[PDB]
Amino acid sequence: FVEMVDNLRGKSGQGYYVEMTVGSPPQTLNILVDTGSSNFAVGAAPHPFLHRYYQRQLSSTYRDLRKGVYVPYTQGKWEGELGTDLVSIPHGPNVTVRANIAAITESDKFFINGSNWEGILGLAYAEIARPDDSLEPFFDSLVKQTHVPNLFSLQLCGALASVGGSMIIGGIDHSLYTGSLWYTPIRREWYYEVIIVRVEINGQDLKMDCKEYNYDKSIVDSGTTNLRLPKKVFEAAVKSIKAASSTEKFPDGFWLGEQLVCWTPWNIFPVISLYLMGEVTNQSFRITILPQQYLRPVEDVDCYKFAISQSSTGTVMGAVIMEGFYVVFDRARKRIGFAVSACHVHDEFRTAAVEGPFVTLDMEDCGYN
Ligand SMILES: CC(C)(C)CCNC(=O)CCc1cc2cc(-c3ccccc3CCc3ccc(NC(=O)c4ccc(F)cc4)cn3)ccc2nc1N
């Protein structure tokens, strides 16, 4: 899988994208890798923020589906026209598939001014695809039309300073991780939903009812920057993280993500551990991240920014988690693997960690229904 290593690029704060081609002759586009959505959607009209965009009528292999799609999202939206075309990943498996593409004709707060990507590759499942679950997501088409196995793995390497990393399609590459891979079950195939069974700050249990950590869900999402937590958990998390870092004094709004801190005393800040439901009854494992993961440089204001925040739609394990680990989206076996990333940012004293087995009872109770 060595041709796929280092196939991701990006800027800090702006996402990880992969190069793709669409149509005949191929049109090259940079596309955001997003395990928290399920549509392959590309700019297809000259929005001023875009380096380029999909031009359907230049593709001999384009097929119109004569249906529109409108996707609102909190702030803004995207709107487009559905069709299919030939899609490949130059630094991916040497194959080409006919996939659905949503050609974005109108959008607000979708494209980022100064970014170098022109679309989003939604890697989650059909259930959350727009307009509905009959628009086969790209990865489902890939697997179905080729002999590429039903899994992908992501190594996101955090640092506008340049990020990079690897999306290995169809397999795993052992140079990308150290120690062992531990798997948590994908609870249901829509988002990549998981169950968190325990949380620890520098090895001290938060001691909350574990339903609270997954209220109303927990997902693994390469499309989000932050470690996002339900309100009750965020408050307890922050209170304990404040207590650890009581020596040096930061503004009150810092913890709410309203400002930044400069100088780097990594020692002072605690490690954060999530225990995830394991593969066996009463068995869990834990993943641990360092301050290097949750203190993100804000470049264009050594200055840093607090990247844990609250949610009404559940825990999001974003880039804050994923940059610590090699994450294996093992769809064929309905499980997600974590191992220590060969590229995670650490210091000479501590590192990110994946360890087990641990004994955790009543883990099913932690799931929300
Ligand atoms: C509603 C939905 C089905 C389109 C997505 C459901 N998923 C979520 O609500 C989870 C968060 C998420 C929200 C999204 C929102 C949209 C969207 C729809 C209409 C207008 C605007 C948007 C926002 C576009 C967007 C999404 C993610 C990002 N991410 C980053 O820039 C980023 C990612 C990683 C990182 F380390 C740094 C930055 C940037 N722009 C698109 C894809 C999304 N992908 C996601 N994983």
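Of all residues in the range 69-88, those satisfying the criterion of being near the ligand (Cβ under 8 Å from one of its atoms) and part of a strand (DSSP E or B) are 71, 72, 73, 76, 77, 78. Taking the listed residues 126, 159, the one that is under 22 Å from residue 30 (Cα atoms), among the aliphatic types (A, V, I, L, M) and within 15 Å of the ligand (Cβ to nearest atom) is 159, with no other qualifying. Within the set 96, 61, the sole residue that is more than 16 Å from the ligand (Cβ to nearest atom), of a type in the set (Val, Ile, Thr) and in contact with a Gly (Cβ under 8 Å, 6 or more places away or on another chain) turns out to be 61.
The residues of the range 28-57 that are more than 23 Å from residue 226 (Cα to Cα), polar (S, T, N, Q) and assigned to a strand (DSSP E or B) amount to a single one, 28.
Looking at this structure, is residue 246 away from the ligand (no atom under 16 Å from the Cβ) and out of contact with any strand residue (DSSP E or B) (no Cβ under 8 Å at 6 or more places or on another chain)?
Details: away from the ligand (no atom under 16 Å from the Cβ): yes; out of contact with any strand residue (DSSP E or B) (no Cβ under 8 Å at 6 or more places or on another chain): yes.
Against the criterion (away from the ligand (no atom under 16 Å from the Cβ) and out of contact with any strand residue (DSSP E or B) (no Cβ under 8 Å at 6 or more places or on another chain)), residue 246 qualifies.
On the given criteria, is residue 50 within 16 Å of the ligand (Cβ to nearest atom) and under 22 Å from residue 137 (Cβ atoms)? Before the answer, list the steps.
On the way: within 16 Å of the ligand (Cβ to nearest atom): yes; under 22 Å from residue 137 (Cβ atoms): no.
It is false that residue 50 is within 16 Å of the ligand (Cβ to nearest atom) and under 22 Å from residue 137 (Cβ atoms).
Quick one: which of 206, 176, 160 is in the same structural domain as residue 337 (by CATH), out of contact with any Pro (no Cβ under 6 Å at 6 or more places or on another chain), among the hydrophobic types (A, V, I, L, M, F, W, C) and within 16 Å of residue 324 (Cα to Cα)? Please lay out each step first, then the result.
Values: 206 fails: within 16 Å of residue 324 (Cα to Cα); 160 fails: within 16 Å of residue 324 (Cα to Cα).
Result of the check over 206, 176, 160: 176.
Among the residues of the range 12-27 satisfying the criterion of being outside any strand (DSSP E or B) and within 16 Å of the ligand (Cβ to nearest atom), which is surrounded by the fewest Cβ atoms within 10 Å (Cβ to Cβ)?
Narrowing the range 12-27 to residues outside any strand (DSSP E or B): 12-14, 23-26.
Cutting the leftovers down to within 16 Å of the ligand (Cβ to nearest atom) gives us 12-14.
Numbers: 12: 18, 13: 20, 14: 16.
Per the stated criteria, the residue is 14.
Listed by position, the strands (runs of 3 or more DSSP E) contained in the range 304-354 that have at least 1 residues being over 23 Å from residue 234 (Cα atoms) and acidic (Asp, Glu) are 325-330.
Residues of the range 185-214 being more than 23 Å from residue 122 (Cα to Cα), in contact with a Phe, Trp or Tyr (Cβ under 8 Å, 6 or more places away or on another chain) and buried (at least 22 other Cβ atoms within 10 Å of the Cβ), which ones? Result: 196, 197, 199.
Heads up, the Cβs are rebuilt from the backbone with ideal geometry, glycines too, and the neighbour counts pull from every protein chain shown. Basis: the model, the stated rules and, where named, an outside source; no laboratory read-out is quoted.
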